[PDB]
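Asks: fold the following and give me the result.
(4 chains, ligands or ions: 4)
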Amino acid sequence: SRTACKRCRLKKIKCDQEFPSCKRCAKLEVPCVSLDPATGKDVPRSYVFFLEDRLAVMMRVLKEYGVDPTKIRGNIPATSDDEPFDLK
Amino acid sequence: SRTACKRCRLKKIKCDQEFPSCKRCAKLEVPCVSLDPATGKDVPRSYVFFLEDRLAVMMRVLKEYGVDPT
DNA sequence: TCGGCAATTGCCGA
DNA sequence: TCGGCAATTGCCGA
Ligand SMILES: [Zn+2]
Ligand SMILES: [Zn+2]
Ligand SMILES: [Zn+2]
Ligand SMILES: [Zn+2]
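Replies: Numbering: from 1, shown residues only, chains lettered A, B, ... in the order given. Ligands and ions are numbered 1, 2, ... in the order given. Next comes the structure:
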């Protein structure tokens, strides 16, 4: 894993890669926060949890209405188009 | 320096690390993405940033179809 | 384009 | 909680 939670790294112990929390964090009871590589910022793993859920809903919904896969802005393969400040 | 992109890592050359797509790739206009060491698949310099982006557009579309926060 | 070494890391064991 | 070495990875430089 290149993901190991702000806790774990500190303690220097082996971060348990699950969402919305790595094993120790849980037990030890705490908030599981990942330091985002690029942006460098904190990211509670759960925040991603839910945010992931939200696509989920969104995908049922928008699919129901007769839709699927969307054009974006930040992006995934070396084959999408790139970002530009403000504009799409 | 915390994480250098697909293109630079393979080019083996210094990556200015900028959000959301480092200048080197910006300049040239080649999409700038990160790369999953485990899978080898292309993957965005920033997951939450990608998600937050994704839902937005999902939302806007949903709005033009009448809906919401479902 | 890349050899190859600096610097980071994950995380073991104490 | 750390020393601390293994893996990993940034990136000079030619
Ligand atoms: Zn952890
Ligand atoms: Zn954690
Ligand atoms: Zn780059
Ligand atoms: Zn780039």
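Asks: so who does the residue positioned nearest the centre of chain B touch?
Replies: Centroid-nearest residue in chain B: residue B:44, 3.3 Å away (criterion: Cα atoms, centre = their mean). Residue B:44 makes contact with A:74, A:75, A:76, B:33, B:34, B:50 under the criterion Cβ atoms under 8 Å, 6 or more residues apart in numbering or on different chains. (Each C-beta comes from the backbone N, C-alpha and C, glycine too.)
Asks: let's see that with 6 Å instead.
Replies: Listed by Cβ atoms under 6 Å, 6 or more residues apart in numbering or on different chains, the contact set of residue B:44 reads A:74, A:75, A:76, B:33, B:50.
Asks: reformat those as TSV; add secondary structure, neighbour count and distance to residue B:2.
Replies: TSV is the format used below for those (DSSP: H, G, I helix; E, B strand; the rest coil; neighbours: other Cβ atoms under 10 Å in any protein chain shown; distance: Cβ to Cβ, whole Å):
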residue	secondary structure	neighbour count	distance to residue B:2
A:74	coil	25	17
A:75	coil	23	19
A:76	coil	17	20
B:33	coil	27	16
B:50	helix	21	17
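Asks: returning to that earlier point: look up the closest residue to the residue nearest to the centre of chain B, ignoring the ones flanking it.
Replies: residue B:50 (4.5 Å; Cβ to Cβ, 6 or more residues apart in numbering or on different chains).
Asks: wait, isn't the one you found in contact with residue A:74?
Replies: Yes. Counting by Cβ atoms under 6 Å, residue B:50 does reach residue A:74; the two are 4.9 Å apart.
Asks: those strands in chain A, which residues are they?
Replies: Ranges of strands in chain A, per DSSP state E, are A:33-35, A:42-44.
Asks: could you say what helices and strands the first one packs with?
Replies: This means strand A:33-35. If you count contacts as 3 or more Cβ pairs under 6 Å, 6 or more residues apart in numbering or on different chains; DSSP states H and E, strand A:33-35 packs onto strand A:42-44.
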